[PDB]
Structure formats: C-alpha cells, structure tokens
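In the entry's author numbering, the protein residues as written are 593 to 708. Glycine residues also receive a C-beta, built at the ideal position from the N, C-alpha and C atoms.
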C-alpha cells in the first residue's frame, strides 16, 4: 500500500521528496528479525519502482549512489540472508544505463558479478 503512496507522492508536487527515499530505505532494511520472503519481494518491488522513478527525469545518479550505499550496508552485515535474493531477482535490469559511455563498462563489470 505505501508503495503507491510514495509512487504518487513524487509525481504530485515535483520535489526531491527525501521522505519517500527515507520510507523506502526503512522498508528495505528491516529484515534482520523478520524472515518473511513476501516482505523481501515487496521491498525489492518498491525499490525497483523508485529505481525507475529515478531513471525517469534527472536523478539516475541519485539512485545509483543509493544502490551502492545499499550494497555496502548489506555487505558489512554478515548474515545468512543477504543481497543474494536481490541478485537472483535483479537478473533482469538493475545495472545503470544513462547513455553511450560508462553504462556498457558497468554492464561488463556487473553482469559477471566479479571482474574476470
């Protein structure tokens, strides 16, 4: 339900809306004491919605650095439930693509998940 809330919030006043970013950050992170897979897939769906929202107009790099921050914050925490679920469900499109340039080299650097 809140996914639609911050989906329509960004397109109703045309602001940066750090409140929506904080809400989705709170939603995605809270999985240490909860093992509910439905919660995790709802969280990845809403963060993907915010990914495409950021892709839309001018804040691609904003969600790029947010995704990197999410990556190190899930990497520092060593738990049996980690970003593997994001990777297995992010197989379609999670890599950034702005224009001819760093997008392709990011594709090679991320597709294999490690430099080979």
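Contact between residue 677 and residue 632 holds: CB atoms are separated by about 6 Å, below the 8 Å threshold. For the options 692, 683, 638 and 674, the alpha carbon positioned closest to that of residue 623 is the one of 674. If the five residues before and after residue 689 are omitted, its C-beta is found closer than 6 Å to the C-beta atoms of 695, all from its own chain and listed in chain order. Minimum Cα-Cα distance from residue 594 among the listed residues 667, 605, 607 and 642 corresponds to 642.
In the displayed model, residue 708 falls within coil according to three-state DSSP, outside both helix and strand. For the 8 Å CB-CB criterion, residue 620 and residue 639 form a contact. Residue 616 carries a helical assignment under DSSP once its states are collapsed to helix, strand and coil. By the neighbour-count criterion, in which a residue is buried when 16 or more other Cβ atoms sit within 10 angstroms of its Cβ, residue 598 is buried. The Cβ-Cβ distance between residue 698 and residue 707 does not fall below 8 Å. When secondary structure is reduced to three states using DSSP, residue 651 falls in the coil class, being assigned neither helix nor strand.
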